[PDB]
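Worksheet for the structure shown next.
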């Protein structure tokens, strides 16, 4: 990511069932940092991870 | 540094062994301030401490 | 458990204070040692 | 052990069984706490015309009366005034509504002055990014009417009054901006009839 | 390190009395002086504390309207004056100098003067 | 150590952190005040602002946090957090961006006689005016007005340590050169209030390398 | 505010015997000091911070306690250990001493 904030700054609540199975789905937008292949501009594919 | 950000970001967990050795490896971003030798341009070495 | 007994034994408020530097006596130098591991030069704004 | 007069008096006033900073000093039901306020300007640091944001550091002086914070002065070795941090006593939450940020929160928590008869006075420092509309028909030979609108978000007129003390804001500590020229600073107390 | 006090005194009831305490062998400031009485039943009580650098006093609430505690930075000597002496005050009076830090104890003790009323 | 642990346990058992540290009441605390500059980040001539990195050395006495070294293993110095001790509100008056409170996460230093030494760092955005009537062969004068915010002249009396500002650990800029930086003390009376307030004013006389 | 009470008032022991004295309080505290006065002379500082020893004190003694109960303990009784022991607290205004325990042979 481009910033220094790794963790989620929201911290909502999460669901646990009678099995003991715990499910967590936090809301998040992420500012990921990927390199740009800019050779065939603007007819280009982009790979970002 | 240019900002007032001295300390470390997130304060992760750390590893302590039985002989008293404590090892801590936290992630940190730093905005260091260094001087720019700009006599040569754009073919230049940069010493930043 | 085994992990919970040790965690409570070692870090106890009557015997541990996270505000005192571990020195067996006075004028003892805690030899800390460090090395840096760079990951990325994200901007070298001039 | 050995304590001051102020430590003994501080332990007596802000006692957990007797003082609570979330209930207002009303001796009975439907009693209006008459507070009074008076703004003192310090500097016009900037007026950004493109984003319609003026920036001013002002000193709003506001005082009221709290009947829980009274003490006999001669009993505690003689202490007329007494200074306490702002988070530990009751205060009305007067803020701006026409600010450019979302910062309707209260400003920085400097401590406040309470006297012997309970007259509680508070003057927090704040720079404010007020939002005013720019009359830009004449240029650069223009007047600008930019307003500041103070109001309590929590309480209302059925619970607190809000009395203006002087009609004009005091200009005595004012340092000149060099770009703008204030010509008058009138303040008014606005209330809508047929709308309590 | 020595503390020196006055001798025993015979004072009729209703007359104020004054005893002294003069310390030598250490720097007289940066310590603090405690005054402790002791009756004939060896049950001993506390009277007051003075700071000889500033003169700030704190009295016991039993003895607020009686005792007056002063110092003297010339000869490094403290003076204690008791008023309203009754028959229940014939006791042994000690001055005791201790450091004003968190031990908060009586590091040194005087010989003790005898007040018989 | 073991003796420092017992002294730290004894030291903060019952410590009110909002009572001012004097043995008497009418006695004012005396706060020795000195500022050091690390670097001059920028002075925006366009926005009329000034960004500096400052270290605010504040030294005052405290009658309650003194102990005997001979009964605690010869320990003389302690490090306590700034969240537990009393600490004064030194606020610069001519600020232009942001909050006024200095950040309290750094630690203090307790000598055995009560001398508390607290060095917080801060970025400060002063709002000095600058004249560009000569350009770029100009000198500029920018002031910073440090002072206590709520306490009178009869409760907090500021005293400068030096007669100037410590440029001893100053990172060089390469654009601006600091000629001198004096420091003065004033006792002024405002028209809000009936009581005298002290302050300390640091001037800065700089020149552009043209 | 806090009145101390010692137990027992008068006790005695033989040379080479374990001796236990108790000092009790009305409410709770954490740090309490112990003074020794002999016959005729002036008292001395003997134990501070509920467990520590003074300078000219032999290392046989041991003080311990917490809450509202404290105790002084003599492991090996000494021949010249005939004195009077007082317990005192400064943690509550005002400074109240103890009743006094007389230890004889």
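Letters are used for the chains, namely A, B, C, D, E, F and G, taken in the order the chains are written, and counting of residues starts over at 1 for each.
Here is the rule we use: contacts are C-beta pairs under 8 Å (C-beta built on N, C-alpha and C of every residue); 3 or more make two chains touch, one makes a residue touch a chain.
Summarising the inter-chain contacts, the pair of chains with the most C-beta pairs in contact is D-F. Put simply, the chain closest to the centre of the protein, by Cα centroids, is F. Chain centres here are Cα averages; for chain A and chain D they lie 44 Å apart. The centroid of the Cα atoms in chain E and the matching centroid in chain G are 23 Å apart. One inter-chain figure worth recording: chain A and chain G are separated by 67 Å, centre to centre, where each centre is the mean of the chain's CA atoms. With centres taken as mean Cα positions, chain G sits 57 Å from chain B.
Under the contact definition stated at the top, the residues of chain G that touch 2 or more other chains are 48-49, 90. Residue positions of chain E touching 2 or more other chains: 103-104.
Interface residues of chain F facing chain G in the complex, by the touch rule stated above, are 6, 10, 13, 71.
Within the complex, the chain D residues that touch chain F are 1-2, 4-7, 10-11, 40, 42-43, 45-46, 55, 57, 59, 61, 77-79, 83-85, 88, 108-113, 123, 125, 127, 170, 172-173, 178. In the complex of the two chains, the chain B residues touching chain A come out as 9-10, 27, 29. The residues of chain F lying in touch with chain E in their complex are 7, 10-11, 23-24, 27, 66-68, 71-72, 112. On the side of chain D, the complex with chain E involves touching residues 1-2.
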